[PDB]
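Student: Sharing my_file-v8.tsv, TSV, C-alpha atoms and all ligand atoms:
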```tsv
chain	number	residue	atom	x	y	z
D	5	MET	CA	-19.91	16.07	-8.92
D	6	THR	CA	-16.35	17.07	-7.68
D	7	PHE	CA	-16.72	15.89	-4.04
D	8	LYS	CA	-13.82	16.67	-1.65
D	9	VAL	CA	-11.22	14.11	-0.50
D	10	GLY	CA	-11.20	14.03	3.34
D	11	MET	CA	-14.68	15.70	3.63
D	12	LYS	CA	-17.13	13.68	5.80
D	13	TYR	CA	-20.50	13.39	4.02
D	14	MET	CA	-24.03	12.39	5.09
D	15	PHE	CA	-26.78	11.32	2.64
D	16	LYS	CA	-30.25	12.75	3.48
D	17	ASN	CA	-33.15	11.00	1.67
D	18	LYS	CA	-35.48	13.55	0.02
D	19	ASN	CA	-38.65	11.55	0.91
D	20	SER	CA	-37.81	10.41	4.51
D	21	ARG	CA	-35.35	13.25	5.48
D	22	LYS	CA	-33.40	10.39	7.19
D	23	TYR	CA	-29.74	9.41	6.60
D	24	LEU	CA	-27.82	6.50	5.04
D	25	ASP	CA	-26.57	4.45	8.00
D	26	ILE	CA	-25.05	1.03	8.85
D	27	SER	CA	-27.46	-1.15	10.91
D	28	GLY	CA	-26.25	-1.53	14.55
D	29	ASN	CA	-22.96	0.42	13.96
D	30	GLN	CA	-21.72	-2.92	12.49
D	31	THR	CA	-18.09	-3.26	11.33
D	32	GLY	CA	-18.32	-6.53	9.32
D	33	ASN	CA	-18.91	-7.54	5.67
D	34	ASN	CA	-22.61	-7.78	4.60
D	35	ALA	CA	-23.89	-5.44	7.42
D	36	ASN	CA	-27.21	-3.87	6.29
D	37	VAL	CA	-27.43	-0.28	4.92
D	38	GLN	CA	-30.59	1.39	6.33
D	39	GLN	CA	-31.88	4.95	6.95
D	40	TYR	CA	-31.82	6.55	10.43
D	41	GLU	CA	-32.67	10.06	11.76
D	42	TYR	CA	-29.83	12.63	12.00
D	43	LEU	CA	-27.40	11.94	14.90
D	44	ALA	CA	-25.00	14.75	15.98
D	45	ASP	CA	-21.79	12.60	16.09
D	46	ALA	CA	-22.53	8.89	15.25
D	47	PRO	CA	-19.72	7.84	12.82
D	48	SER	CA	-22.08	5.18	11.26
D	49	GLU	CA	-23.95	8.01	9.40
D	50	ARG	CA	-20.71	9.61	7.99
D	51	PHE	CA	-18.92	8.53	4.78
D	52	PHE	CA	-15.86	9.66	2.82
D	53	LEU	CA	-16.39	9.90	-0.94
D	54	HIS	CA	-13.25	8.86	-2.85
D	55	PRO	CA	-13.14	9.49	-6.61
D	56	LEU	CA	-12.61	6.39	-8.82
D	57	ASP	CA	-11.77	5.75	-12.50
D	58	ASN	CA	-14.50	7.04	-14.93
D	59	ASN	CA	-15.95	9.52	-12.39
D	60	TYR	CA	-17.45	6.92	-9.99
D	61	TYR	CA	-17.08	7.18	-6.19
D	62	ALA	CA	-16.43	4.78	-3.32
D	63	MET	CA	-18.77	5.50	-0.36
D	64	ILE	CA	-16.59	4.66	2.67
D	65	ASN	CA	-18.26	4.41	6.11
D	66	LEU	CA	-16.33	6.30	8.88
D	67	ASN	CA	-17.31	3.70	11.52
D	68	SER	CA	-16.64	0.42	9.56
D	69	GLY	CA	-14.04	1.52	6.91
D	70	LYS	CA	-16.14	-0.68	4.52
D	71	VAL	CA	-18.02	0.61	1.44
D	72	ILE	CA	-21.58	0.69	0.05
D	73	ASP	CA	-22.16	-2.50	-2.00
D	74	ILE	CA	-24.96	-4.65	-3.58
D	75	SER	CA	-25.74	-7.95	-1.78
D	76	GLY	CA	-24.73	-10.90	-4.07
D	77	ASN	CA	-23.79	-8.55	-6.97
D	78	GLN	CA	-27.49	-8.55	-8.04
D	79	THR	CA	-28.74	-6.41	-10.98
D	80	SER	CA	-32.50	-6.69	-10.14
D	81	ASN	CA	-35.00	-4.27	-8.59
D	82	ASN	CA	-35.24	-4.57	-4.77
D	83	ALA	CA	-31.68	-6.02	-4.44
D	84	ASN	CA	-30.38	-5.23	-0.93
D	85	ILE	CA	-27.68	-2.54	-0.27
D	86	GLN	CA	-25.04	-3.53	2.36
D	87	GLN	CA	-21.44	-2.68	3.24
D	88	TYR	CA	-18.45	-4.78	2.12
D	89	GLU	CA	-14.64	-4.39	2.20
D	90	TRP	CA	-13.23	-2.39	-0.76
D	91	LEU	CA	-12.15	-5.05	-3.36
D	92	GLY	CA	-11.18	-2.74	-6.32
D	93	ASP	CA	-12.49	-5.22	-8.95
D	94	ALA	CA	-16.12	-5.15	-7.58
D	95	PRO	CA	-18.28	-2.91	-9.84
D	96	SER	CA	-21.10	-3.14	-7.20
D	97	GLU	CA	-18.87	-0.86	-4.99
D	98	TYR	CA	-18.77	1.94	-7.68
D	99	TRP	CA	-21.42	4.72	-7.54
D	100	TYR	CA	-22.18	7.49	-10.10
D	101	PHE	CA	-23.74	10.72	-8.71
D	102	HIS	CA	-26.40	12.35	-10.96
D	103	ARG	CA	-27.28	15.94	-9.81
D	104	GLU	CA	-30.90	17.10	-10.25
D	105	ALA	CA	-32.15	20.71	-10.65
D	106	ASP	CA	-32.98	21.10	-6.89
D	107	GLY	CA	-29.46	19.88	-5.78
D	108	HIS	CA	-30.51	16.30	-4.79
D	109	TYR	CA	-28.51	13.39	-6.29
D	110	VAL	CA	-29.59	10.06	-7.74
D	111	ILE	CA	-26.88	7.47	-6.99
D	112	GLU	CA	-26.47	4.86	-9.79
D	113	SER	CA	-24.60	1.50	-9.55
D	114	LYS	CA	-21.84	0.98	-12.13
D	115	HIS	CA	-22.77	-2.77	-11.98
D	116	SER	CA	-26.64	-2.76	-12.12
D	117	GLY	CA	-27.61	0.65	-13.63
D	118	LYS	CA	-30.16	0.88	-10.76
D	119	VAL	CA	-30.08	3.57	-8.04
D	120	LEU	CA	-30.09	3.74	-4.22
D	121	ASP	CA	-33.66	3.73	-2.90
D	122	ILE	CA	-35.63	3.42	0.38
D	123	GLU	CA	-37.70	0.18	0.19
D	124	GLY	CA	-41.47	0.99	-0.07
D	125	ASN	CA	-40.93	4.81	0.09
D	126	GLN	CA	-40.65	4.25	3.90
D	127	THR	CA	-40.12	7.29	6.21
D	128	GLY	CA	-39.32	5.45	9.50
D	129	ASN	CA	-36.00	4.73	11.29
D	130	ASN	CA	-34.31	1.46	10.16
D	131	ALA	CA	-36.19	1.36	6.78
D	132	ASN	CA	-34.05	-0.71	4.38
D	133	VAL	CA	-31.91	0.83	1.59
D	134	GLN	CA	-32.22	-1.16	-1.74
D	135	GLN	CA	-31.59	-0.48	-5.46
D	136	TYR	CA	-34.45	0.25	-7.87
D	137	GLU	CA	-34.65	1.17	-11.57
D	138	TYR	CA	-34.25	4.94	-12.14
D	139	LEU	CA	-37.68	6.76	-11.97
D	140	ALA	CA	-38.46	10.42	-12.94
D	141	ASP	CA	-40.70	10.93	-9.85
D	142	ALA	CA	-39.50	8.85	-6.87
D	143	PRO	CA	-38.21	11.09	-4.03
D	144	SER	CA	-37.13	7.81	-2.28
D	145	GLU	CA	-34.28	7.62	-4.94
D	146	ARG	CA	-33.04	11.23	-4.15
D	147	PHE	CA	-30.33	12.05	-1.55
D	148	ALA	CA	-28.92	15.41	-0.44
D	149	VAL	CA	-25.11	15.12	-0.14
D	150	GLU	CA	-24.31	17.19	3.00
D	151	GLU	CA	-20.78	18.19	4.15
D	152	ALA	CA	-20.37	17.11	7.82
D	153	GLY	CA	-16.84	18.47	8.43
D	154	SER	CA	-13.44	17.84	6.87
D	155	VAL	CA	-10.36	15.98	8.04
D	156	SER	CA	-6.71	17.15	7.59
D	157	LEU	CA	-4.79	15.28	4.87
D	158	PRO	CA	-1.08	14.34	4.96
D	159	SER	CA	1.30	16.52	2.96
D	160	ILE	CA	4.94	16.60	1.79
D	161	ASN	CA	7.02	19.28	-0.01
D	162	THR	CA	7.80	18.49	-3.70
D	163	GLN	CA	10.43	20.13	-5.93
D	164	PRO	CA	11.97	19.84	-9.41
D	165	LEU	CA	14.22	16.86	-10.20
D	166	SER	CA	17.98	17.70	-9.99
D	167	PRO	CA	19.56	18.20	-13.44
D	168	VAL	CA	21.93	15.49	-14.81
D	169	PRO	CA	25.48	16.46	-13.70
D	170	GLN	CA	27.73	17.87	-16.51
D	171	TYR	CA	31.54	18.13	-16.99
D	172	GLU	CA	33.00	21.68	-16.95
D	173	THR	CA	36.52	20.17	-17.56
D	174	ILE	CA	37.98	16.71	-18.45
D	175	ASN	CA	39.24	16.47	-14.77
D	176	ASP	CA	35.81	16.98	-13.05
D	177	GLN	CA	34.70	14.17	-10.64
D	178	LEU	CA	30.90	14.00	-11.22
D	179	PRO	CA	28.86	12.87	-8.16
D	180	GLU	CA	27.74	9.21	-7.65
D	181	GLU	CA	24.14	10.56	-7.08
D	182	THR	CA	22.16	13.81	-7.21
D	183	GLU	CA	20.06	14.97	-4.23
D	184	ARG	CA	16.98	12.73	-3.73
D	185	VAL	CA	13.82	14.90	-4.09
D	186	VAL	CA	10.07	14.23	-3.91
D	187	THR	CA	8.71	15.04	-7.41
D	188	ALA	CA	5.10	13.81	-6.73
D	189	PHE	CA	2.72	12.41	-4.11
D	190	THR	CA	-0.92	11.29	-3.96
D	191	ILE	CA	-3.32	10.96	-1.01
D	192	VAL	CA	-5.16	7.62	-0.96
D	193	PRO	CA	-7.89	6.39	1.41
D	194	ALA	CA	-7.27	3.53	3.91
D	195	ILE	CA	-9.27	1.23	1.54
D	196	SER	CA	-6.21	1.59	-0.86
D	197	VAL	CA	-3.54	0.42	1.71
D	198	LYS	CA	-2.97	-3.00	3.33
D	199	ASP	CA	-1.21	-1.81	6.54
D	200	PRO	CA	0.23	-4.59	8.78
D	201	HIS	CA	-0.35	-2.32	11.87
D	202	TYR	CA	-4.16	-2.91	11.29
D	203	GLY	CA	-4.35	-6.14	9.18
D	204	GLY	CA	-8.02	-6.73	8.21
D	205	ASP	CA	-9.30	-4.33	10.96
D	206	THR	CA	-10.82	-1.73	8.57
D	207	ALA	CA	-12.68	0.08	11.44
D	208	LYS	CA	-9.53	0.71	13.52
D	209	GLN	CA	-7.51	1.62	10.35
D	210	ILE	CA	-9.99	4.32	9.16
D	211	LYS	CA	-10.33	5.78	12.74
D	212	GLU	CA	-6.52	6.13	13.20
D	213	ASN	CA	-5.33	6.55	9.57
D	214	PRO	CA	-8.17	7.38	7.11
D	215	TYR	CA	-5.64	8.70	4.50
D	216	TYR	CA	-2.14	7.61	3.48
D	217	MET	CA	0.39	9.39	1.28
D	218	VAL	CA	2.16	7.56	-1.59
D	219	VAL	CA	5.45	9.47	-2.18
D	220	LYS	CA	7.64	9.38	-5.34
D	221	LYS	CA	11.30	10.34	-4.73
D	222	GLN	CA	13.78	10.55	-7.65
D	223	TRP	CA	17.48	11.15	-8.28
D	224	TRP	CA	20.19	10.48	-10.91
D	225	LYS	CA	22.64	7.62	-10.16
D	226	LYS	CA	26.03	7.37	-11.93
D	227	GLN	CA	26.31	3.92	-13.64
D	228	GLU	CA	29.76	4.49	-15.25
D	229	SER	CA	32.74	6.96	-15.37
D	230	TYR	CA	35.64	6.46	-17.85
D	231	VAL	CA	38.14	8.65	-19.75
D	232	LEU	CA	38.51	7.33	-23.33
D	233	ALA	CA	41.86	7.72	-25.10
D	234	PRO	CA	41.56	9.06	-28.69
D	235	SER	CA	40.46	6.08	-30.90
D	236	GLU	CA	39.22	4.11	-27.82
D	237	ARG	CA	35.95	2.13	-27.80
D	238	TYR	CA	34.64	1.41	-24.26
D	239	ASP	CA	32.04	-1.42	-23.81
D	240	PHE	CA	30.27	-2.12	-20.46
D	241	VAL	CA	27.12	-3.65	-18.96
D	242	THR	CA	24.43	-2.21	-16.62
D	243	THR	CA	21.76	-3.90	-14.49
D	244	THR	CA	18.44	-2.00	-14.37
D	245	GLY	CA	14.83	-2.53	-13.27
D	246	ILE	CA	13.49	-3.65	-9.87
D	247	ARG	CA	14.06	-6.52	-7.37
D	248	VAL	CA	11.31	-9.22	-7.07
D	249	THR	CA	11.32	-8.25	-3.29
D	250	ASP	CA	10.41	-4.62	-4.19
D	251	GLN	CA	7.59	-5.67	-6.63
D	252	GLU	CA	6.22	-7.89	-3.77
D	253	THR	CA	6.34	-4.90	-1.34
D	254	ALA	CA	4.39	-2.69	-3.81
D	255	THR	CA	1.85	-5.49	-4.51
D	256	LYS	CA	1.18	-6.31	-0.82
D	257	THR	CA	1.05	-2.55	0.21
D	258	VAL	CA	-0.92	-0.79	-2.62
D	259	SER	CA	-1.86	-3.76	-4.94
D	260	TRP	CA	0.10	-2.41	-7.95
D	261	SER	CA	3.54	-3.13	-9.37
D	262	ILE	CA	5.80	-1.87	-12.23
D	263	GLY	CA	5.02	-3.32	-15.69
D	264	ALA	CA	7.86	-4.29	-18.10
D	265	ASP	CA	7.01	-1.03	-20.06
D	266	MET	CA	7.71	1.08	-16.84
D	267	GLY	CA	3.93	1.78	-16.42
D	268	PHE	CA	1.85	1.04	-13.27
D	269	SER	CA	0.33	-2.47	-13.34
D	270	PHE	CA	-2.99	-2.38	-11.38
D	271	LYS	CA	-4.95	-5.31	-9.89
D	272	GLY	CA	-7.13	-6.11	-6.86
D	273	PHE	CA	-7.74	-3.22	-4.43
D	274	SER	CA	-5.86	-0.68	-6.71
D	275	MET	CA	-8.43	-1.22	-9.56
D	276	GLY	CA	-10.57	1.97	-9.70
D	277	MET	CA	-7.49	4.09	-8.71
D	278	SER	CA	-5.47	3.65	-11.97
D	279	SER	CA	-6.26	7.26	-13.13
D	280	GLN	CA	-5.40	8.91	-9.75
D	281	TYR	CA	-2.15	6.89	-9.30
D	282	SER	CA	-0.91	7.35	-12.92
D	283	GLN	CA	-1.88	11.10	-13.11
D	284	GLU	CA	-0.75	12.28	-9.63
D	285	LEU	CA	2.47	10.19	-9.49
D	286	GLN	CA	3.15	11.19	-13.18
D	287	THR	CA	3.66	7.55	-14.38
D	288	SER	CA	1.84	5.89	-17.34
D	289	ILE	CA	-0.61	2.98	-16.94
D	290	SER	CA	1.18	-0.23	-18.08
D	291	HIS	CA	-0.05	-1.73	-21.43
D	292	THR	CA	1.37	-5.17	-20.37
D	293	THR	CA	0.74	-7.89	-17.71
D	294	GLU	CA	4.54	-8.55	-17.91
D	295	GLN	CA	6.31	-7.26	-14.74
D	296	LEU	CA	9.61	-5.33	-14.78
D	297	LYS	CA	12.60	-7.44	-13.61
D	298	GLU	CA	16.36	-6.87	-13.27
D	299	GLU	CA	17.79	-6.94	-16.85
D	300	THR	CA	21.35	-6.56	-18.16
D	301	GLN	CA	22.01	-4.07	-21.04
D	302	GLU	CA	25.16	-3.92	-23.24
D	303	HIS	CA	26.55	-0.40	-23.96
D	304	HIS	CA	29.33	0.98	-26.26
D	305	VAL	CA	31.01	4.44	-26.35
D	306	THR	CA	33.52	5.50	-29.07
D	307	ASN	CA	35.64	8.69	-28.83
D	308	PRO	CA	34.93	10.89	-31.93
D	309	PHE	CA	37.68	13.44	-30.91
D	310	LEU	CA	41.44	13.73	-31.51
D	311	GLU	CA	41.75	14.19	-27.67
D	312	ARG	CA	40.79	12.30	-24.46
D	313	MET	CA	36.98	12.21	-23.80
D	314	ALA	CA	35.53	11.94	-20.25
D	315	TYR	CA	32.28	9.90	-20.19
D	316	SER	CA	29.70	9.41	-17.41
D	317	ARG	CA	26.31	7.64	-17.66
D	318	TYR	CA	23.41	8.48	-15.32
D	319	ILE	CA	20.13	6.57	-14.87
D	320	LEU	CA	16.90	7.84	-13.26
D	321	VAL	CA	16.14	6.15	-9.88
D	322	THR	CA	12.51	6.19	-8.59
D	323	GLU	CA	11.63	5.24	-4.99
D	324	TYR	CA	7.97	4.88	-3.91
D	325	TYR	CA	6.81	4.60	-0.29
D	326	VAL	CA	3.56	4.87	1.72
D	327	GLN	CA	3.54	7.33	4.65
D	328	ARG	CA	1.08	7.18	7.56
D	329	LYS	CA	-0.59	10.24	9.16
D	330	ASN	CA	2.01	9.96	12.00
D	331	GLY	CA	4.96	10.14	9.49
D	332	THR	CA	6.00	6.42	9.71
D	333	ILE	CA	6.38	4.17	6.61
D	334	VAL	CA	4.07	1.16	5.80
D	335	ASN	CA	6.29	-1.92	5.12
D	336	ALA	CA	9.26	-0.44	3.15
D	337	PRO	CA	9.99	1.58	-0.01
D	338	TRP	CA	10.29	-0.03	-3.46
D	339	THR	CA	13.00	1.31	-5.81
D	340	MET	CA	13.46	1.00	-9.61
D	341	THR	CA	15.97	2.17	-12.25
D	342	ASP	CA	14.51	3.10	-15.65
D	343	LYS	CA	16.72	1.94	-18.59
D	344	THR	CA	14.60	4.24	-20.91
D	345	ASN	CA	15.66	7.33	-18.84
D	346	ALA	CA	19.49	7.20	-18.96
D	347	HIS	CA	21.82	10.05	-20.14
D	348	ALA	CA	25.51	10.02	-21.24
D	349	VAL	CA	27.52	13.24	-20.46
D	350	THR	CA	30.98	13.80	-22.04
D	351	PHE	CA	33.86	16.28	-22.08
D	352	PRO	CA	34.29	17.55	-24.65
D	353	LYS	CA	30.44	17.83	-24.87
D	354	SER	CA	28.71	15.64	-27.56
Z	1	CA	CA	-30.11	-2.51	2.91
```
Let me see the structure of the file written as structure tokens.

Tutor:
Amino acid sequence: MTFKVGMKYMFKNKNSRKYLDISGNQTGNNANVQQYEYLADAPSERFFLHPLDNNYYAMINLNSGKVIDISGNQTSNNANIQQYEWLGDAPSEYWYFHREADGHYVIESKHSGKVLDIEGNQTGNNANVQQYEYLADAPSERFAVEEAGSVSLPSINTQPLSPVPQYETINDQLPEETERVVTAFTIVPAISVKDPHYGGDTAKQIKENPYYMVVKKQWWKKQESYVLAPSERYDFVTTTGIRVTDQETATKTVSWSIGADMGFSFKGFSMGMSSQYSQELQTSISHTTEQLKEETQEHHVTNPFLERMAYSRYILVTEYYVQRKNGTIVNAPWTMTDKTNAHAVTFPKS
């Protein structure tokens, strides 16, 4: 049930011993899913399996870059199985893999509760793939999931976040910024990225760039430095959050943005990937439709000492970007400051 990211898979029907295939090596929406005898190197018979929310999988064709789908979102017996572009919010594109005792799988629609099937128990080339109600004895509903060779995934080196700078003396000049370090990344399939180098060409995109890397880079930025006299109160203002421009870059690239609660706000072609994104980039799922904006905060500092007190304030900066196989960036990064992750450092220490 834990299939491998970047492993090419073929689906061998128990009854026919023939393979899930896209009719005519077609690239377009609504192209028929059929069975066809084993071919040594036809990409139309190979699929990536990408894990989705709630332990479903996307079945992504290596020729088309489109996914296994139910024609017209039908819930009935005999409804046709086709390919269609990954939408995210289409339950007919989500598949649950039930393992049987002999190692075959039954492949159940999230939408319909019916399973992949060969129409009429047919054994011939080009026999149609449909959905049918789950049946205890129906070898036409059983598929062997066979590894057909794995593809290298992009990678980047991660490390711990820099610590917040501290005063050793009242005279120390604390840095404007710490080193920028990658604290997390996640590998997402091409279905997850709208890349202007490919536009709507899903076939060319999956052939050249089947997997992208979403990178999270973080550092501390100094907002304020001041030395308070004894008895001094120092008041100041900060601007935090994210530019509308940067939210638009996130939305058009990976179809998520930053919620007002600092969580990931998922919609469209990022739906189904909320668990992977939140877990692997170590950021909560947003509990709000409200989007983070630039906001102004008011701050005060009072000096509790009978001597001068040095004061700096640091805020956590997070930059996200999407990296191609070839190391280039899709669109541009988006950058936020988190008002809920700010630290004051003083000398003497408080
Ligand atoms: Ca079909």

Student: Taking all atoms listed in the file into account, which residues are within 9 Å of ligand CA 1 (chain Z), as JSON, numbers by chain?

Tutor: {"D": [26, 27, 35, 36, 37, 38, 39, 74, 75, 83, 84, 85, 86, 87, 122, 123, 131, 132, 133, 134, 135]}

Student: Need the shell around stretch 61-69 of chain D: protein/DNA/RNA residues with any atom at most 7 Å away, counting all atoms listed in the file. Skip same-chain ones fewer than 3 positions apart. Format as a list in words?

Tutor: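 Surrounding residues, per the criterion: residues 29, 30, 31, 47, 48, 50, 51, 52, 53, 54, 55, 56, 72, 97, 98, 99, 100, 206, 207 and 210 of chain D.
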
Student: So what do you get for atom CA of residue D:79 versus atom CA of residue D:127, distance-wise?

Tutor: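 It comes out at 24.8 Å.
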
Student: State, in Å with one decimal place, the distance from atom CA of residue D:70 to atom CA of residue D:95.

Tutor: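 Distance reported for this atom pair: 14.7 Å.
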
Student: One number please: atom CA of residue D:197 to atom CA of residue D:259, in Å, one decimal.

Tutor: 8.0 Å

Student: Tell me which protein, DNA and RNA residues are within 10 Å of residue D:331, counting only C-alpha atoms, leaving out same-chain ones fewer than 3 positions away, and put them as an MDAnalysis selection string.

Tutor: chainID D and resid 158:159 216:217 326:328 334

Student: Which residues come within 9 Å of stretch 265-273 of chain D, counting all atoms listed in the file, excluding same-chain residues fewer than 2 positions away, as a ChimeraX atom specification?

Tutor: /D:90-93,195-197,245,255,258-263,275-278,281-282,287-296,342,344

Student: Which residue is closest to residue D:313? Choose from D:237, D:329, D:343, D:21 and count all atoms listed in the file.

Tutor: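 For residue D:313, the nearest of the given residues is D:237.
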
Student: Pick the closest to residue D:150 from D:16, D:247, D:22, D:225: which is it, counting all atoms listed in the file?

Tutor: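 Checking each candidate against residue D:150, we get D:16 as the closest.
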
Student: Show me the residues around (30.6, 6.4, -22.6) - criterion: an atom at most 7 Å away, only C-alpha atoms counted - as a list in words.

Tutor: residues 230, 238, 304, 305, 315, 316, 317 and 348 of chain D

Student: Which residue gives the smallest distance to residue D:120 among D:18, D:297, D:146, D:108, with all atoms listed in the file counted?

Tutor: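 So, comparing all the options, the nearest one is D:146.
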
Student: List the spatial neighbours of residue D:350 as a count of residues only - criterion: any atom at most 6 Å away, all atoms listed in the file, same-chain residues fewer than 2 positions off excluded.

Tutor: 4

Student: So which one's closest to residue D:190, D:227, D:286, D:125, D:253? Using all atoms listed in the file, please.

Tutor: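 So, comparing all the options, the nearest one is D:286.
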
Student: Find the residues around stretch 239-242 of chain D up to 6 Å (all atoms listed in the file counted), leave out those fewer than 3 positions away in its own chain, and share them as a list in words.

Tutor: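 Selected residues are residues 300, 301, 302, 303 and 304 of chain D.
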
Student: Using all atoms listed in the file, pick whichever of D:163, D:252, D:32, D:59 has the shortest atom-to-atom distance to residue D:204.

Tutor: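 Nearest to residue D:204: D:32.
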
Student: What are the closest atom pairs, with distances in Å to one decimal, for each residue of stretch 126-229 of chain D lying within 7 Å of stretch 109-116 of chain D, using all atoms listed in the file, rows by chain and rising residue number, as JSON lines?

Tutor:
```
{"residue": "D:145", "atom": "CA", "partner": "D:110", "partner_atom": "CA", "distance": 6.0}
{"residue": "D:146", "atom": "CA", "partner": "D:110", "partner_atom": "CA", "distance": 5.1}
{"residue": "D:147", "atom": "CA", "partner": "D:109", "partner_atom": "CA", "distance": 5.3}
{"residue": "D:148", "atom": "CA", "partner": "D:109", "partner_atom": "CA", "distance": 6.2}
```

Student: Export, as a PDB file, keeping the file's coordinate frame, the selected residues with C-alpha atoms.

Tutor:
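Okay, result_0.pdb is ready:
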```
ATOM      1  CA  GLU D 145     -34.280   7.620  -4.940  1.00  0.00           C
ATOM      2  CA  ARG D 146     -33.040  11.230  -4.150  1.00  0.00           C
ATOM      3  CA  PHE D 147     -30.330  12.050  -1.550  1.00  0.00           C
ATOM      4  CA  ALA D 148     -28.920  15.410  -0.440  1.00  0.00           C
TER       5      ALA D 148
END
```

Student: Go through D:80, D:187, D:257, D:19 and flag the residue nearest residue D:141, using all atoms listed in the file for the distances.

Tutor: D:19

Student: Give as a list in words every residue, naming chains and numbers as the document does, that has an atom within 9 Å of (21.4, -10.9, -10.0), counting only C-alpha atoms.

Tutor: residues 243, 247, 298 and 299 of chain D

Student: Regenerate stretch 119-134 of chain D at the level of N, CA and C atoms and dump it as a PDB file, in the coordinates of the input.

Tutor:
```
ATOM      1  N   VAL D 119     -30.452   2.427  -8.908  1.00  0.00           N
ATOM      2  CA  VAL D 119     -30.080   3.570  -8.040  1.00  0.00           C
ATOM      3  C   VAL D 119     -30.461   3.226  -6.605  1.00  0.00           C
ATOM      4  N   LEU D 120     -29.779   3.850  -5.657  1.00  0.00           N
ATOM      5  CA  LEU D 120     -30.090   3.740  -4.220  1.00  0.00           C
ATOM      6  C   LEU D 120     -31.515   4.222  -4.001  1.00  0.00           C
ATOM      7  N   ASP D 121     -32.208   3.568  -3.085  1.00  0.00           N
ATOM      8  CA  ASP D 121     -33.660   3.730  -2.900  1.00  0.00           C
ATOM      9  C   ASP D 121     -34.020   3.303  -1.480  1.00  0.00           C
ATOM     10  N   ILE D 122     -35.069   3.887  -0.906  1.00  0.00           N
ATOM     11  CA  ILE D 122     -35.630   3.420   0.380  1.00  0.00           C
ATOM     12  C   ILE D 122     -36.806   2.490   0.057  1.00  0.00           C
ATOM     13  N   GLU D 123     -36.674   1.227   0.431  1.00  0.00           N
ATOM     14  CA  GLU D 123     -37.700   0.180   0.190  1.00  0.00           C
ATOM     15  C   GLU D 123     -39.071   0.739   0.582  1.00  0.00           C
ATOM     16  N   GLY D 124     -40.055   0.662  -0.329  1.00  0.00           N
ATOM     17  CA  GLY D 124     -41.470   0.990  -0.070  1.00  0.00           C
ATOM     18  C   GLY D 124     -41.707   2.455   0.252  1.00  0.00           C
ATOM     19  N   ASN D 125     -40.804   3.350  -0.159  1.00  0.00           N
ATOM     20  CA  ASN D 125     -40.930   4.810   0.090  1.00  0.00           C
ATOM     21  C   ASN D 125     -41.052   5.056   1.603  1.00  0.00           C
ATOM     22  N   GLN D 126     -40.460   4.206   2.435  1.00  0.00           N
ATOM     23  CA  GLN D 126     -40.650   4.250   3.900  1.00  0.00           C
ATOM     24  C   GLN D 126     -39.960   5.480   4.491  1.00  0.00           C
ATOM     25  N   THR D 127     -40.542   6.028   5.562  1.00  0.00           N
ATOM     26  CA  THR D 127     -40.120   7.290   6.210  1.00  0.00           C
ATOM     27  C   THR D 127     -39.549   7.025   7.605  1.00  0.00           C
ATOM     28  N   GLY D 128     -39.665   5.791   8.113  1.00  0.00           N
ATOM     29  CA  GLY D 128     -39.320   5.450   9.500  1.00  0.00           C
ATOM     30  C   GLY D 128     -37.845   5.119   9.674  1.00  0.00           C
ATOM     31  N   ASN D 129     -37.340   5.228  10.898  1.00  0.00           N
ATOM     32  CA  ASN D 129     -36.000   4.730  11.290  1.00  0.00           C
ATOM     33  C   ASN D 129     -35.871   3.263  10.889  1.00  0.00           C
ATOM     34  N   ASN D 130     -34.706   2.872  10.383  1.00  0.00           N
ATOM     35  CA  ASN D 130     -34.310   1.460  10.160  1.00  0.00           C
ATOM     36  C   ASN D 130     -34.976   0.905   8.887  1.00  0.00           C
ATOM     37  N   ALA D 131     -35.692   1.738   8.121  1.00  0.00           N
ATOM     38  CA  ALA D 131     -36.190   1.360   6.780  1.00  0.00           C
ATOM     39  C   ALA D 131     -34.983   0.988   5.915  1.00  0.00           C
ATOM     40  N   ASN D 132     -35.137  -0.080   5.153  1.00  0.00           N
ATOM     41  CA  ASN D 132     -34.050  -0.710   4.380  1.00  0.00           C
ATOM     42  C   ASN D 132     -33.672   0.182   3.191  1.00  0.00           C
ATOM     43  N   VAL D 133     -32.388   0.245   2.868  1.00  0.00           N
ATOM     44  CA  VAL D 133     -31.910   0.830   1.590  1.00  0.00           C
ATOM     45  C   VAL D 133     -31.712  -0.301   0.557  1.00  0.00           C
ATOM     46  N   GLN D 134     -32.290  -0.159  -0.637  1.00  0.00           N
ATOM     47  CA  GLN D 134     -32.220  -1.160  -1.740  1.00  0.00           C
ATOM     48  C   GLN D 134     -31.759  -0.429  -3.003  1.00  0.00           C
TER      49      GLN D 134
END
```
